[PDB]
Amino acid sequence: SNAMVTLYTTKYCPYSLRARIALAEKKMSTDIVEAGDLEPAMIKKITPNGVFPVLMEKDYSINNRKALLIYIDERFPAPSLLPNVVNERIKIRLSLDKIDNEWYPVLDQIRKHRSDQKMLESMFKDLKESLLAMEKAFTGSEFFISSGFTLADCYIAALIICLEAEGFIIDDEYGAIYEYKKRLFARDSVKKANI
Amino acid sequence: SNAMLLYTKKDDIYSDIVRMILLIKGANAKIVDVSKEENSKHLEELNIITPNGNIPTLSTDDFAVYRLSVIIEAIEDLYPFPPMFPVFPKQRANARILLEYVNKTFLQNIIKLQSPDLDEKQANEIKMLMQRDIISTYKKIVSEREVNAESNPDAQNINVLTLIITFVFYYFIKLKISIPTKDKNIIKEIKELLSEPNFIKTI
């Protein structure tokens, strides 16, 4: 009905957790519905390709992973989910890409190869180092690389969610990160998405 | 001052595209061909500010951004005038999707063909894989341009995906790949499309 938009989503899928975190942020009247709890006939009606986070309103239907979130932030402008300062915004637009490209794959590779425990033992050891050396490199800022909530945070929020559901958890032994994660999960956006 | 530094390499279709947008903006920018041995000095630099001497790279005092989309967006922030994108958030996204297609299909493949260790069978396949989806592609790029132009006749923005493709034809022509089309005015369009002034100025 009046559900201006509806977001169809899969469970344990960052791409869908990213979208739900930002739609909450936009105080939007949207219907949310799951897959697996749909007719094998309609799932193909809305998104013919099994891509899965799919946002559809009256006369448009979208799911392009790398483009969806930018669209939400643009379609429902207030509140803005990008920086105001040109330069900041410019490099957030880059950190986004690096994220989607160098970090999200580590996720799949923690899953697709997860039915084996000797590989995991090492991968978790890597994700350990890769963060260990940055947990210092970033500090003194409320959220990620900005003053306020960015898409970048939506990205990371969701990513962490999936990883700690793989068994990868962030401890007291990272630092400004653990509390940055604490702050992340402090937000009413991230909390209705985690449960 | 406006110390914008664009790192490039000769015949690198990405660079050529960023170089022709910057022209349109009227942005002042020190272009830097890293292929040229005079700039051994800047190439040393680049490999400090990018994980893999990425090209092209748009460097300023505050940042060093690479990757086409990021760059193209980056320029839109910096030099708003004239507009590179549509304005309706639906059409903006569509172009973002299309640009991501044209890229994985022609833009990066164009770059594989420039490697001197490509295995004679490899490319023939690349080229022909390219020939298949190019016309359909062009046709998509137009349709969308007819839409966005008509949805706002007063906006008067440029179609970045039309510019980008002009280059994909110019490299089809550079690599001796045929453009399979009989259609009269498609070829008329193509020819005119390569005859737009700033394109020449870029080359």
# chains A, B, ... in the order shown; residues from 1 in each chain; ligands from 1

$ residues_around --residues "residue 145 in chain A" --least-positions-apart "6" --cutoff "9 Å" --atoms "only C-alpha atoms" --output "list in words"
residues 88, 92, 138 and 152 of chain A

$ write_last_selection --atoms "N, CA, C and O atoms" --output "PDB file, in the first residue's frame"
ATOM      1  N   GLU A  88      36.469  15.871   2.399  1.00  0.00           N
ATOM      2  CA  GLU A  88      36.052  14.710   3.187  1.00  0.00           C
ATOM      3  C   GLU A  88      35.166  13.781   2.374  1.00  0.00           C
ATOM      4  O   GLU A  88      35.404  12.577   2.313  1.00  0.00           O
ATOM      5  N   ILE A  92      35.661   9.819   1.293  1.00  0.00           N
ATOM      6  CA  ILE A  92      34.721   8.821   1.810  1.00  0.00           C
ATOM      7  C   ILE A  92      34.223   7.982   0.633  1.00  0.00           C
ATOM      8  O   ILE A  92      34.021   6.766   0.736  1.00  0.00           O
ATOM      9  N   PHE A 138      43.745   5.059  13.457  1.00  0.00           N
ATOM     10  CA  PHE A 138      42.536   5.880  13.523  1.00  0.00           C
ATOM     11  C   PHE A 138      42.053   6.103  14.954  1.00  0.00           C
ATOM     12  O   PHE A 138      41.902   5.155  15.722  1.00  0.00           O
ATOM     13  N   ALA A 152      29.716   5.161   4.924  1.00  0.00           N
ATOM     14  CA  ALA A 152      30.867   4.367   5.330  1.00  0.00           C
ATOM     15  C   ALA A 152      30.581   3.572   6.604  1.00  0.00           C
ATOM     16  O   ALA A 152      31.076   2.459   6.793  1.00  0.00           O
TER      17      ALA A 152
END

$ residues_around --residues "range 28-37 of chain B" --least-positions-apart "3" --cutoff "8 Å" --atoms "only C-alpha atoms" --output "ChimeraX atom specification"
/B:2-10,19,22,40,42-43

$ residues_around --residues "range 149-165 of chain B" --least-positions-apart "2" --cutoff "10 Å" --atoms "only C-alpha atoms" --output "ChimeraX atom specification"
/B:13-14,16-18,20-21,24,72,81-88,91,95-96,98-99,102-103,106-107,134,137-138,141-142,144-147,167-171,190,193-194,196,199

$ interface_residues --of "chain A" --to "chain B" --cutoff "7 Å" --atoms "only C-alpha atoms" --output "PDB file with N, CA and C atoms, in the first residue's frame"
ATOM      1  N   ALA A  67      25.552   0.436  -6.187  1.00  0.00           N
ATOM      2  CA  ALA A  67      24.844   1.690  -6.463  1.00  0.00           C
ATOM      3  C   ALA A  67      23.621   1.942  -5.585  1.00  0.00           C
ATOM      4  N   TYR A  71      21.849   5.553  -3.868  1.00  0.00           N
ATOM      5  CA  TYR A  71      20.495   5.903  -4.321  1.00  0.00           C
ATOM      6  C   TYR A  71      19.542   6.281  -3.193  1.00  0.00           C
ATOM      7  N   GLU A  74      20.389   9.653  -1.937  1.00  0.00           N
ATOM      8  CA  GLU A  74      19.999  10.683  -2.890  1.00  0.00           C
ATOM      9  C   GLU A  74      18.479  10.827  -3.022  1.00  0.00           C
ATOM     10  N   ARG A  75      17.755   9.710  -2.965  1.00  0.00           N
ATOM     11  CA  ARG A  75      16.302   9.725  -3.158  1.00  0.00           C
ATOM     12  C   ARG A  75      15.569  10.357  -1.994  1.00  0.00           C
ATOM     13  N   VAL A  86      33.684  19.207   0.978  1.00  0.00           N
ATOM     14  CA  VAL A  86      34.020  18.577  -0.281  1.00  0.00           C
ATOM     15  C   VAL A  86      35.073  17.495  -0.083  1.00  0.00           C
ATOM     16  N   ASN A  87      36.289  17.899   0.270  1.00  0.00           N
ATOM     17  CA  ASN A  87      37.401  16.960   0.413  1.00  0.00           C
ATOM     18  C   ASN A  87      37.068  15.707   1.224  1.00  0.00           C
ATOM     19  N   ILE A  90      34.788  13.498  -0.776  1.00  0.00           N
ATOM     20  CA  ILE A  90      35.543  12.926  -1.877  1.00  0.00           C
ATOM     21  C   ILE A  90      36.283  11.663  -1.478  1.00  0.00           C
ATOM     22  N   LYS A  91      36.968  11.702  -0.340  1.00  0.00           N
ATOM     23  CA  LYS A  91      37.704  10.523   0.117  1.00  0.00           C
ATOM     24  C   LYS A  91      36.864   9.459   0.840  1.00  0.00           C
ATOM     25  N   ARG A  93      34.051   8.652  -0.498  1.00  0.00           N
ATOM     26  CA  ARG A  93      33.579   8.008  -1.709  1.00  0.00           C
ATOM     27  C   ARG A  93      34.609   7.002  -2.218  1.00  0.00           C
ATOM     28  N   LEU A  94      35.838   7.156  -1.737  1.00  0.00           N
ATOM     29  CA  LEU A  94      36.928   6.262  -2.088  1.00  0.00           C
ATOM     30  C   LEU A  94      37.038   5.154  -1.051  1.00  0.00           C
TER      31      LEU A  94
END

$ select_by_dssp --residues "range 56-185 of chain A" --states "alpha helix (DSSP H)" --output "PyMOL selection string"
chain A and resi 65-75+86-102+104-111+117-132+151-164+176-184

$ atom_distance --atom1 "CA of residue 33 in chain A" --atom2 "CA of residue 6 in chain A"
7.3 Å

$ residues_around --residues "residue 177 in chain B" --least-positions-apart "4" --cutoff "9 Å" --atoms "only C-alpha atoms" --output "PyMOL selection string"
chain B and resi 127-128+131+171-173

$ write_last_selection --atoms "C-alpha atoms" --output "mmCIF file, in the first residue's frame"
data_model
loop_
_atom_site.group_PDB
_atom_site.id
_atom_site.type_symbol
_atom_site.label_atom_id
_atom_site.label_comp_id
_atom_site.auth_asym_id
_atom_site.auth_seq_id
_atom_site.Cartn_x
_atom_site.Cartn_y
_atom_site.Cartn_z
ATOM 1 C CA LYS B 127 37.723 -7.994 -29.239
ATOM 2 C CA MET B 128 34.857 -10.051 -30.541
ATOM 3 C CA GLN B 131 31.935 -6.271 -30.778
ATOM 4 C CA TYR B 171 39.902 2.987 -29.237
ATOM 5 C CA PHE B 172 37.931 0.512 -31.296
ATOM 6 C CA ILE B 173 39.423 2.618 -34.084
#

$ atom_distance --atom1 "CA of residue 14 in chain A" --atom2 "CA of residue 79 in chain A"
22.0 Å

$ decode --residues "range 41-56 of chain B" --atoms "C-alpha atoms" --output "short mmCIF file (atom, residue, chain, number, x, y, z; two decimals), in the first residue's frame"
data_model
loop_
_atom_site.label_atom_id
_atom_site.label_comp_id
_atom_site.auth_asym_id
_atom_site.auth_seq_id
_atom_site.Cartn_x
_atom_site.Cartn_y
_atom_site.Cartn_z
CA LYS B 41 60.27 12.55 -10.48
CA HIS B 42 56.50 12.40 -10.25
CA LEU B 43 56.33 8.63 -10.80
CA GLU B 44 58.52 8.23 -7.70
CA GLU B 45 55.91 10.35 -5.93
CA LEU B 46 52.83 8.51 -7.23
CA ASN B 47 54.04 5.19 -5.77
CA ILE B 48 54.03 6.91 -2.39
CA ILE B 49 50.42 8.09 -2.63
CA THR B 50 48.72 5.10 -4.30
CA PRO B 51 48.86 1.38 -3.41
CA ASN B 52 49.96 0.42 -6.96
CA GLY B 53 51.02 3.57 -8.78
CA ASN B 54 47.36 3.71 -9.81
CA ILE B 55 46.54 5.45 -13.10
CA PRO B 56 44.92 7.67 -13.53
#
